[PDB]
Structure formats: structure tokens, C-alpha cells
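Take a look at the structure set out below.
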């Protein structure tokens with residue numbers, strides 16, 4: 002936010035029974051997501067006047083009927099994007115945001131990511147969305163192992 | 136070329152720098168200007184290759 | 143608008159204002175509209191008397207220097223260019239200049255016409271009238287201005 | 001061949017593995033066998049997903065190949081410009097094709113060029129010519145008054161400007177657009193039909209909006225580009241290319257277009273009492289202009305469609321929308337087209 006703007010669509014998207039045997043989800047919000055989300059809600063953030071890259075996962079979620087068919091699952095997708103968006107920001111810019119994220123907060127994202135993946139797999143409509151999130155499932159685990167080690171290094 | 140007029144009877148070119156051999160290249164970046172500069176003269180530089191000319195051998199693309 | 147309404151009123155009453163005569167720099171102290179007697183008035187004083195009937199006062203004799211610094215006008219088209227296709231875009235009430243040295247001015251009216259006084263220089267007896275723009279298009283000079291009262295003072 | 005989630009495949013594989021022995025039933029996350037099975041199941045799921053996507057792509061490619069109805073590539077942007085001279089012209093000048101036009105604005109460095117020569121008549125003051133953008137895509141849709149200079153000597157030219165925006169510049173057609181075009185083509189095999197004439201007139205890539213009006217003994221065709229201005233060359237090309245679909249025993253004519261004007265006034269009650277400034281009003285007005293200008297002659301203005309278009313913004317921000325003037329749907333005449341005029345938007 003401090004350095005460069007963000008797309009309008011992502012800003013609009015971010016601001017806002036079934037159970038898996040292996041996975042047990044929970045709604046524990048990360049500490050970093052608590053503060054970053056307030057900035058997105060407030061107007062103090064640059065934003066572009068045009069949008070591109072329609073192949074992103076955000077447009078896939080908007081196109082499908084996940085909002086009305088499964089708003090609870092739609093809410094979890096926003097939570098995953100919120101934590102995912104914040105951890106991208108700190109490395110590129112604003113290193114002061116470090117020492118506000120822990121391995122437990124990142125670990126629970128995979129639990130929610132796998133929990134919603136099973137529900138999306140019951141229908142063939144969400145194949146594109148399932149193909150994207152599974153790629154990030156292995157991405158977060160690498161960050162979890164290195165996050166304690168990177169924090170001490172910095 | 137010093138002594139060429141290239142006039143027409145009761146006809147003229149609205150854009151200046153015409154009739155003479157003047158050529159103007161315009162663009163907002165080097166890759167835009169360089170593409171016009173190379174493209175102006177490259178295809179006419181013919182040779183006796185059995186197969190083409192310099193354009194096929196030289197890509198001169200991916201400029202920025 | 144004030145200027146458009148005044149121009150329409152002048153056009154409606156144009157035939158009845160035969161008492162007003164043409165002179166080079168006529169600056170009479172008597173209002174032409176408040177007297178039946180004939181009086182010699184030029185275009186600048188005519189405009190001054192027309193705009194003095196309402197609350198607006200302007201100044202006297204309202205020569206060419208009035209437009210330079212008083213701020214009562216904003217230019218629409220500058221001098222030095224002359225396009226016959228853009229004439230239709232004008233609106234009634236716009237002031238039309240004439241002459242190479244701002245010798246005379248006029249008020250634009252629809253249907254490609256303008257209102258001004260034309261005649262021989264040494265105090266012609268011809269009254270005010272309306273003339274087609276085709277013959278006088280040559281001496282138009284391209285200068286056009288417009289009025290504005292809401293923001294002034 | 002059917003989609004199956006990772007968990008079901010993993011459970012089936014674990015159940016199969018447990019047959020014949022009982023020295024394996026320990027599948028905590030720390031176990032390496034569970035990790036290997038998870039990786040295998042993930043690869044199988046990705047293989048199934050990619051197989052389904054490739055099957056869909058192959059169906060599309062077969063549809064392309066069978067009827068030779070190739071997808072439309074990137075479409076060039078083009079429009080019209082006005083050339084202004086210092087003084088009225090005295091001699092018939094010449095403007096060869098390929099003359100460049102460039103915008104001095106740094107935000108829009110894209111260039112334009114001509115294709116057809118134009119001749120300026122004597123005693124002229126202005127002339128209108130067509131310019132085609134070299135680049136193809138969204139960059140060609142520049143705002144109004146973007147082109148300022150000809151990027152040449154311009155000895156007899158003072159300035160150049162465009163009175164209308166560029167809308168023909170579009171990206172590659174999506175899958176849904178190609179599907180609709182192919183459905184129209186399939187339904188268009190029977191000539192001497194209105195649905196067939198629709199495809200016959202729409203076969204030209206430049207045409208976007210098109211409508212056909214029929215009467216007792218005459219057929220009339222109404223069509224236009226995205227900008228909404230028919231051209232003589234387009235009419236000639238339509239006549240030349242439509243001979244394979246015209247009715248044999250009935251005359252046909254391709255002409256007629258008119259820009260219908262309407263003023264839209266709407267009242268918006270934002271959920272957040274704060275941030276009700278004019279910037280968001282300007283953004284909403286621009287969105288409404290883009291929506292209304294995108295309509296075609298066949299389409300007609302609908303209140304609910306406008307509500308859906310404007311309410312694409314998240315419902316949390318905009319809580320209620322209403323129209324002070326618009327209360328009933330408006331039926332566009334066949335020749336005319338509805339589009340934005342002067343739009344006024346206010347909070348309350």
C-alpha cells in the first residue's frame with residue numbers, strides 16, 4: 002500500500035454441515051491480518067483506475083456461484099487470501115511488519131485450505147479454483163518451516 | 136541529394152518534409168524508434184542469398 | 143441567460159428602433175429608449191444602453207480598452223483565425239468584432255446573421271438594421287467574446 | 001473419467017494398502033508414508049483436472065476444425081480525426097496513406113496510421129479522415145481529445161483533435177462469445193431467415209451491433225460498429241460478402257442508424273456515511289457511461305439490467321439504488337440505438 006497501488010477488483014473482494039475427517043477448520047484470524055485488514059477497509063491506500071489479468075484466482079471465484087451457494091465456504095476463501103496477501107507485502111516492502119506473524123497462524127491456513135478444497139471437489143464447477151489453491155498448499159508449508167528461521171535472521 | 140525538386144502540377148503534400156528525401160521517425164521510447172529506424176531500410180538491402191535478407195537472420199526484437 | 147434575453151428583445155424591437163441613427167463615436171447623454179426623439183448612437187454605446195436598462199451598469203463610454211482588463215468577458219475564439227464551419231457552434235448574444243483595428247462590433251443572432259449599424263463614415267443617416275453574415279464574413283476577424291455576471295463582484 | 005477429490009482417492013488407496021497386513025495403520029502428519037500418499041493423490045487429482053481441461057480444449061479445437069469457424073484475433077482500434085488549418089486552403093493538397101498520428105500525452109504513447117488516401121478540396125477549412133491504431137487491444141481505447149499532433153512537419157496544420165472516443169479496440173474473444181457465434185452459425189444454415197441474416201451480416205469481424213427489420217415486401221438491415229457510426233466501405237463489404245445468404249426473391253437494403261438520447265438520474269445511499277465525496281460519484285458516472293455505450297441496436301435499455309450493471313460493486317458499499325426519473329422500461333425503435341447523453345448522479 003505504501004509503495005504501489007493495488008487492483009480495484011482485489012480491493013473490492015478483500016474488504017468484504036460439511037466436515038472433513040482428516041481436517042478440522044477454525045476461524046482464528048492472524049494478528050497481521052487484524053491490522054492489515056483495517057487499512058484495506060479504510061480509504062488510505064492507493065488504487066488503480068483499471069484492471070487486467072483476468073486469469074487470476076479472484077475472478078474465478080467471482081464468476082462462480084460460490085457466494086450464494088456456499089457463503090460460509092466463500093468467507094474462508096477471503097480469510098485465506100487475507101493472510102496470503104499480507105505475507106506477500108512484508109517481504110517486498112515495509113519490513114517493520116515482521117515479528118507480527120507466527121507459525122501457528124500460518125499453519126491453520128492449510129487446515130482451512132484443505133477443508134474448503136474437499137467441498138469444492140464435490141462439484142466439477144470449482145475445478146479451476148481447486149487447481150489454484152492446491153498449488154498454494156505446498157507454498158505455505160515452506161514458509162512455516164523458514165518463518166522462525168527468517169525472523170531470527172532479520 | 137542537393138538538386139531534386141519533385142514538384143507536381145497544382146498538387147502538394149499537406150505534411151511538410153515531402154518531395155525532398157527527408158524522413159522523420161517518431162516514438163515515445165527507444166524500442167519504438169529503433170523498430171522504425173531498422174524497419175525503414177532493412178528489407179531493401181537485398182543480397183544474392185540463395186534461400190532471404192538480413193531481417194530473417196537478425197531478430198532485432200525484445201527491445202526495451 | 144441575460145445576454146440571450148436582451149438579444150431576443152432587441153431583435154423583437156429592432157423594427158421599432160428606427161429613431162436611433164448611426165455615427166462614428168456617438169456618445170449621447172440621453173437614453174435612446176426613454177425618448178422618442180432621434181439620437182445618434184454607435185454600437186458600443188448601444189450595448190452600454192442595452193445593458194444599463196437592467197441592474198448591470200458597466201462603464202462609459204465602453205471603448206475597446208474595456209474588454210482588456212475589466213474581466214467582464216472571457217474569449218471564445220481568438221483573433222487571427224477564420225473558420226466558416228465553426229460559425230454554427232456560436233450562440234445568440236455573443237459579441238462579434240469587425241475591422242482590422244476593432245473599428246466596429248456586433249451582436250450575433252441566429253440563422254447566420256448579426257445586428258450592427260453599417261453606413262458611410264461621415265455621420266450616415268441610415269438607422270440600425272440587421273445584415274447577413276455572408277458578405278461581412280470577410281471582415282469578421284475571428285474575435286468572439288461572451289458575458290458573465292454571476293461570478294463578477 | 002470423472003472428477004474425484006484428493007481425500008476420497010487417498011482414503012481408497014489407504015484402504016487398499018491395509019489389505020493383507022496390519023503393520024501400517026499409523027497415518028499421522030509426521031509419517032512419511034502419509035506424505036508420499038498425499039503427494040501421489042495430489043498428482044492424480046491434478047492429472048484428472050488437466051485431463052478434463054484438455055478434453056474441453058480438444059472439443060473446442062474440433063469445433064474450430066470441422067466448420068473452419070476460426071476465433072477472431074485481436075481487432076484493430078480506429079476512428080476519425082479532424083484536421084485544422086491556419087487559413088482556408090488554396091490548392092488541392094494530397095494526404096498519402098500511412099501518415100502517422102501521435103498523442104502528446106505521456107499516458108497514451110500509442111501511435112495511429114491511415115490506410116486510405118484523402119484529398120482536401122479547394123477553399124476548405126477542415127477535413128475528416130480515418131486513422132487505424134497499429135497496436136491492438138485495450139490501449140487503443142484512448143479518452144476524448146487524446147490525439148494532439150500529427151508527429152510530422154505540420155506546416156499547414158495548427159492542431160488535431162478527435163471529438164469521439166475509440167471503442168472498437170477490444171481484446172481476443174472469450175469462450176462464451178465464440179460459443180454464441182457458433183450457435184448463431186449453426187442456426188444460420190437455413191437461409192432466407194432473420195436469424196440467418198443476423199449471422200450473414202455479423203460475419204464481418206468489425207461489426208458488433210446488428211439488427212434486421214422485416215415488412216411485407218422488403219428487408220432492411222441495421223448495423224454499426226462499437227462507436228456507432230456506419231461507413232460506406234463497411235456497407236460495400238457487407239453487400240459483397242452477404243451474397244451467399246441474401247434472399248433470392250426479395251430486395252435487401254443495409255442502411256439506417258440514429259443515436260437515441262436519454263438522461264439517467266439515480267439516487268444512491270452508500271452504507272458508509274463517510275466517504276461520500278464527488279470522486280466516487282465521478283467513478284459511478286464513468287461506469288454508467290461505459291455500460292450504456294456498450295449497448296447495441298438489438299439490445300434495449302432495461303431498468304433491472306442497469307441495476308445489475310451498477311450494482312457490480314460490492315453490496316456492502318452500496319446499500320440501495322433508486323431512479324427518480326426512470327420508472328418503466330424503454331423500448332428502442334429498430335433503427336435507433338439507446339446510449340448515454342448527459343448523466344447526473346448525486347447522493348440524495
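Chains as they are written, first to last, in PDB author numbering: chain F, 2 to 17, 35 to 172; chain E, 136 to 186, 190 to 202; chain A, 143 to 295; chain C, 1 to 348.
Positions of the beta carbon are idealized from the N, C-alpha and C atoms, including for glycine.
Secondary structure of residue i, DSSP reduced to three states
i	result
residue 170/A	coil
residue 93/F	helix
residue 175/E	helix
residue 203/A	coil
residue 287/C	helix
residue 268/A	coil
residue 217/A	strand
residue 326/C	coil
residue 4/F	coil
residue 335/C	coil
residue 160/C	strand
residue 257/C	coil
residue 209/C	strand
residue 148/E	strand
residue 142/C	coil
residue 200/C	helix
residue 223/A	coil
residue 91/C	coil
residue 77/F	helix
residue 169/E	helix
residue 199/E	coil
residue 9/F	helix
Residue i and residue j closer than 8 Å at C-beta
i	j	result
residue 202/C	residue 85/C	no
residue 63/F	residue 71/F	no
residue 276/C	residue 230/C	no
residue 91/F	residue 41/F	no
residue 152/A	residue 257/A	yes
residue 165/A	residue 184/A	yes
residue 332/C	residue 310/C	no
residue 149/E	residue 169/E	no
residue 118/A	residue 285/A	Beyond the ends of chain A as shown, which are 143 and 295, falls residue 118/A; an answer cannot be given.
residue 12/F	residue 115/F	no
residue 171/C	residue 138/C	yes
residue 66/F	residue 113/F	no
residue 233/A	residue 287/A	no
Rounded distance between the beta-carbons of residue j and residue i, thought under 8 Å
i	j	result
residue 241/A	residue 280/A	Not confirmed; about 11 Å, so no contact.
residue 101/C	residue 116/C	That pair is no contact at about 14 Å.
residue 147/E	residue 152/C	About 14 Å; that fails the 8 Å criterion.
residue 161/F	residue 106/F	Not quite, the Cβ-Cβ distance comes to about 10 Å (not below 8 Å), so this is no contact.
residue 83/F	residue 134/F	Contact flag wrong, Cβ pair sits at about 15 Å.
residue 69/C	residue 182/C	6 Å
residue 54/F	residue 104/F	5 Å
residue 216/A	residue 290/A	6 Å
residue 318/C	residue 270/C	6 Å
residue 136/C	residue 190/C	Actually they do not touch by this definition, with Cβ atoms about 34 Å apart.
Per-residue burial, residue i [other beta carbons within 10 Å of its own, 16 or more giving buried]
i	result
residue 176/E	exposed
residue 294/A	exposed
residue 120/C	buried
residue 253/C	exposed
residue 296/C	buried
residue 100/F	buried
residue 274/A	exposed
residue 93/C	buried
residue 99/C	buried
residue 224/C	buried
residue 133/C	buried
residue 44/F	exposed
residue 145/A	buried
residue 221/C	buried
residue 205/A	exposed
residue 77/C	buried
residue 130/F	buried
The ligand GDP heavy atom lying under 7 Å from the CB of residue i
i	result
residue 188/A	This structure lacks the ligand GDP; in fact it carries no ligand of any kind.
Query raised in the report: Touch check for the region 142-155 of chain F and the region 74-81 of chain F: three-plus C-beta pairs under 8 Å?
Result: yes
Report task. Count the C-beta pairs between the region 40-58 of chain C and the region 138-149 of chain C that are closer than 8 Å, then say yes if the count reaches three, no if not. Result -> no
Query raised in the report: Are the region 240-247 of chain C and the region 327-344 of chain C touching, with three or more C-beta to C-beta distances below 8 Å?
Result: no
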